[PDB]
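One structure below.
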Amino acid sequence: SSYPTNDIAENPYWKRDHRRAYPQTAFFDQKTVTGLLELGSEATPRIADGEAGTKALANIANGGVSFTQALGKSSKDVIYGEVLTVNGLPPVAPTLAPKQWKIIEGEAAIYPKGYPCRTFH
Amino acid sequence: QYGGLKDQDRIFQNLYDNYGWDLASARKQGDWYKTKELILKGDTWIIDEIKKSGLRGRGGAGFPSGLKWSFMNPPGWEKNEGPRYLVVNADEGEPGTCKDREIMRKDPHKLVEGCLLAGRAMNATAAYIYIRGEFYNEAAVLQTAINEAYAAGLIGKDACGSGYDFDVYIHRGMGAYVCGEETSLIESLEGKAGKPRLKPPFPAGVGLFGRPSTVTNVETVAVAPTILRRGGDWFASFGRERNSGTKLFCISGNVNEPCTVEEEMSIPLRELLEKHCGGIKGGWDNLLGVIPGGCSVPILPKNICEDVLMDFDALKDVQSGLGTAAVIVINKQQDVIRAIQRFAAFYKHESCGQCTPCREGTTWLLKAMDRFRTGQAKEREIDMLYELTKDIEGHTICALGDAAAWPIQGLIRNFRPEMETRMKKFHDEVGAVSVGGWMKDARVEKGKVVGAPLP
Amino acid sequence: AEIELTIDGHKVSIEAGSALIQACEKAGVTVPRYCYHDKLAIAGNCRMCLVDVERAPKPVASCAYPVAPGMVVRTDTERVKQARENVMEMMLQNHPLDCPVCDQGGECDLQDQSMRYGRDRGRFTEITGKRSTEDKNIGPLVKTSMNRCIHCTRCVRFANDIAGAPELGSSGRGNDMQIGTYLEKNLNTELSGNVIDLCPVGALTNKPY
Amino acid sequence: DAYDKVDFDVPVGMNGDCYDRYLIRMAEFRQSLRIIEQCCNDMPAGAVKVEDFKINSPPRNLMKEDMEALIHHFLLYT
Amino acid sequence: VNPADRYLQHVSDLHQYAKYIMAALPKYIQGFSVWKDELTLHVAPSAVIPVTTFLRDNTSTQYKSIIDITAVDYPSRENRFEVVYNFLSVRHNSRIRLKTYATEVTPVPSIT
Amino acid sequence: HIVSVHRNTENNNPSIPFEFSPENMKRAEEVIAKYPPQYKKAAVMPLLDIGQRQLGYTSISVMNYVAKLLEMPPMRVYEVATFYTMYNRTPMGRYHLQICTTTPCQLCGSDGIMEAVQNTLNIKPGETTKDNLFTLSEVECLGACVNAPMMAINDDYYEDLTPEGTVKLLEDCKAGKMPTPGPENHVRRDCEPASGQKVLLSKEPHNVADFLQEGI
Amino acid sequence: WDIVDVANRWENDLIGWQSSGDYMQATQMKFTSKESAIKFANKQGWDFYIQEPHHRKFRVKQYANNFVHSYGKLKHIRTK
Amino acid sequence: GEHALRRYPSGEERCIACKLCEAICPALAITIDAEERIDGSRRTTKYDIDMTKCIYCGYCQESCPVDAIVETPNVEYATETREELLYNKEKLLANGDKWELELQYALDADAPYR
Ligand SMILES: Cc1cc2nc3c(=O)[nH]c(=O)nc-3n(C[C@H](O)[C@H](O)[C@H](O)COP(=O)(O)O)c2cc1C
Ligand code: SF4
Ligand code: SF4
Ligand code: SF4
Ligand code: SF4
Ligand code: SF4
Ligand code: FES
Ligand code: FES
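Structure representation (structure tokens):
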């Protein structure tokens, strides 16, 4: 057994219940992304307070703005920060753990120079 | 400075049986003198006076007496036809405490008068005084006094010609500490086992026989007529703010001279001990601890009682309580672990068994304390024992569970190193112990556990 | 008339005076329970159904707590999870290790709510062991295994209130409280077999089965 | 699982034929021997299954002594 | 430690990436979902050829290897079958999933 | 523990008839009168007590008689009778020794009192004497904590005890006589400090009537 | 599927196992709605029967009702 | 290897018919019947293993709460007819009686690891 998992006196099960803290699957249809484009985000808002914000959320949630009018309306700042990169480039297909390859040559290689099989580390 | 009680300011004058309990002697004390006029005055006036008094519950919880009495008078109370009940709690039972026994034995007419006056204040049709069954002779004395009061028209149809009807009866308990709990008390009055009810409903709404009722301690009721006569401001003059008046302070344990007496609230503990009881046996150097109030409250270490006042506020601030003001001192010759083990045994014996956290946790607490008494346990188990008390506290139907959890917590907090020493003594002495008190030679044989002490 | 309260953020409207567990059930919130049953009088002795109420300082029994307008209830707080674990710990400490031989196994609310809300392992290793209980004969229909009884009192409430068979009850006190008849008496009623369904555990089982 | 904690090389061909693939497999033999030696040297102490009895069965001496362990064992196997 | 935590930043990246894709092909991408390191795109059957072409041939995606195609039966849906495509980009060391739907009589365009 | 099962013996058996004596009856009428007519089941606890006075102990026959008299199902009376410890469901002797062993008594020699009693009468705390005269019991607090090592005999308290004193007390019990109704060798009058009264040293008590609220 | 009388289950004469000729005997489909299930059954040409579910009728329950004062003779002793 | 049903040292069967082996069996190779024995014990009246369905995974032996069903180390029990490979309770109990000593070696070596 391992500590602190085996402790008799300080581990409630619900503090280490990782199965029940599973990540929810996030689904985004085009209405949600429309809302993200127009109203901004929880992180960086572009919404007014009071009835204005709730009514804006409602009328995007009903169909008033389409995704394409959403994109055309979008300013340069929005398009560069929040659709493309800050330089205007598209984001690359992301990688969880990037792997930098190196080629081992010489004596530390597996086969000698002639063979058509190289050693990558 | 607080605590000098002067004999003229004393409430319970027959405490030492120096004047008699006969109705004539109580008359000499002045009891039943203005009772006509006190009844004729409005219930609103009695309630407002009791509020101005600063009196708070004496059974151990210290709720404001006036407000608790007021709850039995909602605006449309008369529309709910039927009897209204006052219940008087004389179940004592809290180990350490003897005050109500003295009140029943020495000044019964004061209790009878208090029942009348409170019943008026609560518009009650009848009273029932619930008495613990071991107080047989106390029950005889209280009955005799009640017969006297009935005879003289003090207590009956026209209470001193008031036009206010009151009947007063004695119901006897039969051996259950839990019946001191107000709802368990009501259930026992109704002819059931003393298992408490959940709240709501509260007794003022639905209580004894489903009627509006109110359950009160005998000392809060017995002082009430004196309070009404002498005025609320006077009673407020004794003790600090919100802890005002004078309480009986039974003192027991390892003092030179055990005693029972009345004193101002907010009195220092050192002064109380030295001046009433002859002091701790061996001197203030020889004091391990004090339990202020009965067994249900967490024990006080040596260095806090040197500065602590016998209030609710002061005791709560140092994480204990007044309870029933039953002081128990423990000197350096005794084992605190054994005393707490005995308290755990008491709570295991007094659980009514209704609700799982108490019904099982008290038994587990007793097993753990039996092992801690001899040292047959691992040190981390102390923390586990602490967590065990938190299983029971706050999770039960009634407050017996919290009472059972508290003394253990006081013990751990104040005397952990004592337990650690006993554990070292066992480990050196007997052997190495696993959790639960098992050891390497211990196993099950032909029905029993052999190879281990088995506390 | 119906009043309105909030449970786990949701809005629920329920008839006035109904118990909080009823509103939780109506609002689609699951609350664990043992002693509560829709057809029996409320008991509140198992303590499995605790929830937090903002007005209440300590957790309350959902099955016995009347709903009030504007009530705010949370069934998912860390205090509630802790309380569920504490209560299950106390419930299992004297329960017998009987699942392989117990007829309740696989359709047992104690097993299932241990799995859903309890600790994954116990802490009780006391060398004096567990409490044991005598078995009791109440006729040829209902076999008893009373070590398993968790004292929910469903059988007693059913036998008294619904079937009108008052011979069943609870004797003694505290740890030694026992469901039974206090002396050898059959549970004599044409409705008796229903207690087998009502017993959450294998304490009362179908004897021919 | 633990491939980030061990040191080994990856053989890559260039002709995309059966002979290059044979050489790759023969080199992978050697790299597996390397990893096996590192595991023999770095094998740590502790549990070998996740320590939650709601996922994996508890050890048998708990199963025959502890009530929660028996319940969890029963449920996991049924 | 919760195992999901190590994914958090990557999850953000996937969100950003999916936003770009949906902004670039709004005629086609009905939606997307993100679970820890797996990104799914949801499209109509008629969208399969263009989107797949994009995924294969755009410079930021470059999903050159097809990993698997299967179906999942959902009898409650009006369209029983969801068709699932998984793709790998060795260039960027990345995976992606694409879903569409079908019934027992309505075909899907082959991506051979 | 608490025994919560009844097993039929020849001496404790439902067939054995128990009826109240006429005096106990008239008393039972009087006791019932104190509760509302519909709620007279609330007299079960006193009535059972009266039974345990007339017969030595609370037998099943007594339980069933009280159950019939109050028209209750007998299981309700069984619940009551097994709940309260002062009901003795096994027959006992003439003298019931009850030693308080809670902490205030313990801190003052209840263990020594118990050793004295057990030495004089070899029986264990639960057992009764061979001559059926003494029955021991350990008990929780009896409410006499001032009177540090106290004890009960069948109804009466005996306080401030000592081992040799308890031997003499048991001897006087066993001969038939009763040495003292008073709680102890007269060292105090039941609650005051052993050094005598420190307060209430006035020959006459102050009437409350010299202090009145000016509003009566 | 409803069972077929001849093909449902019979005892094997060698070891005592339960044989069957009904290939649907263990199959059960799950649907998210009654309407989805009806649609699927129609699309497969299956003759079906809908058993409408029964639900517990709601009533108000109060703990305090266990202690209501009785004005006449008690109809029963509640015990708790 | 080949399955066996074990006894207590008294000679009483260990199997109490919990049916955990039957539930876990990935091949559905176990068929069990039980009722109350005339002495009141919970015991099997039928315990069958189809050895031609069994995949020899050992899950039954892991699942059993009383170490009743076990796999021996025996592999040499090939038969000339398939009917000989449908083990009933008598056959399995006889296997337990036959192989108990080897079973005890195996248990003494591996019980701490289960
Ligand atoms: C286990 C338990 C035992 C109690 N015993 C008594 C008692 O013997 N006498 C008493 O007056 N209050 C006792 N109480 C407290 C009363 O039930 C109630 O709370 C209150 O103190 C009585 O009225 P009061 O406000 O006048 O004190 C007990 C409470 C509990 C939880
Ligand atoms: S806390 Fe204890 S005494 Fe109070 S109701 Fe629960 S079991 Fe009974
Ligand atoms: S009642 Fe449930 S938990 Fe208890 S032994 Fe039976 S199946 Fe196991
Ligand atoms: S026997 Fe069953 S229904 Fe009756 S109290 Fe015990 S657990 Fe509850
Ligand atoms: S070894 Fe595996 S397949 Fe064979 S009977 Fe046991 S559980 Fe079933
Ligand atoms: S062999 Fe073991 S698991 Fe299978 S039914 Fe018997 S006791 Fe249960
Ligand atoms: S269901 Fe609420 S306490 Fe039992
Ligand atoms: S502890 Fe003995 S009477 Fe109080």
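Chains as they are written, first to last, in the entry's author numbering: chain Z, 62 to 182; chain B, 30 to 484; chain A, 35 to 243; chain C, 312 to 389; chain G, 58 to 169; chain H, 28 to 243; chain Y, 82 to 161; chain I, 116 to 229. Where is the CB? At the ideal position from N, CA and C, for every residue including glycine.
Coarse secondary structure for residue i, derived from DSSP in three states
{"i": "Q370(B)", "result": "helix"}
{"i": "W162(Z)", "result": "coil"}
{"i": "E379(C)", "result": "helix"}
{"i": "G282(B)", "result": "strand"}
{"i": "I126(G)", "result": "strand"}
{"i": "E449(B)", "result": "helix"}
{"i": "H384(C)", "result": "helix"}
{"i": "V165(G)", "result": "coil"}
{"i": "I158(B)", "result": "strand"}
Distance, residue j Cα to residue i Cα
{"i": "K469(B)", "j": "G170(H)", "result": "45 Å"}
{"i": "residue 61(Y)", "j": "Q99(Y)", "result": "The structure shown does not extend to residue 61(Y), since chain Y is modelled only from 82 through 161, so no value can be given for it."}
{"i": "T193(H)", "j": "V478(B)", "result": "38 Å"}
{"i": "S368(C)", "j": "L387(C)", "result": "7 Å"}
{"i": "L218(I)", "j": "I184(I)", "result": "11 Å"}
{"i": "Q348(B)", "j": "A432(B)", "result": "13 Å"}
{"i": "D94(Y)", "j": "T194(I)", "result": "21 Å"}
{"i": "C350(C)", "j": "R336(C)", "result": "21 Å"}
{"i": "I158(B)", "j": "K310(B)", "result": "38 Å"}
{"i": "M325(C)", "j": "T93(Z)", "result": "48 Å"}
{"i": "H136(Y)", "j": "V32(H)", "result": "41 Å"}
{"i": "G167(Z)", "j": "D315(C)", "result": "25 Å"}
Proximity below 8 Å, CB of residue i to CB of residue j
{"i": "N360(B)", "j": "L316(B)", "result": "yes"}
{"i": "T212(B)", "j": "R81(A)", "result": "no"}
{"i": "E219(B)", "j": "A69(H)", "result": "yes"}
{"i": "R240(B)", "j": "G111(B)", "result": "yes"}
{"i": "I55(A)", "j": "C97(A)", "result": "yes"}
{"i": "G323(B)", "j": "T289(B)", "result": "no"}
{"i": "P152(Z)", "j": "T146(Z)", "result": "yes"}
{"i": "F110(H)", "j": "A205(B)", "result": "yes"}
{"i": "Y202(I)", "j": "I164(I)", "result": "yes"}
{"i": "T178(A)", "j": "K170(A)", "result": "yes"}
Contacting residues, own chain, Cβ-Cβ under 8 Å from residue i (five flanking each side not counted)
{"i": "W162(Z)", "result": "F181 and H182"}
{"i": "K161(Y)", "result": "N147"}
{"i": "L69(B)", "result": "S191"}
{"i": "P188(I)", "result": "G116, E217 and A221"}
7 Å Cβ shell around residue i - same chain, five flanking residues per side excluded
{"i": "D110(A)", "result": "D42"}
{"i": "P141(I)", "result": "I170, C172 and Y174"}
{"i": "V361(C)", "result": "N367"}
{"i": "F375(B)", "result": "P124 and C324"}
6 Å CB neighbourhood of residue i in its chain, flanking five on each side removed
{"i": "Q147(A)", "result": "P66"}
{"i": "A434(B)", "result": "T418, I421 and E422"}
Task: Neighbouring residues (CB closer than 5 Å to any heavy atom of ligand 3) - done: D132(A), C133(A), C136(A), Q138(A), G139(A), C142(A), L144(A), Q145(A), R182(A), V235(A) and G236(A)
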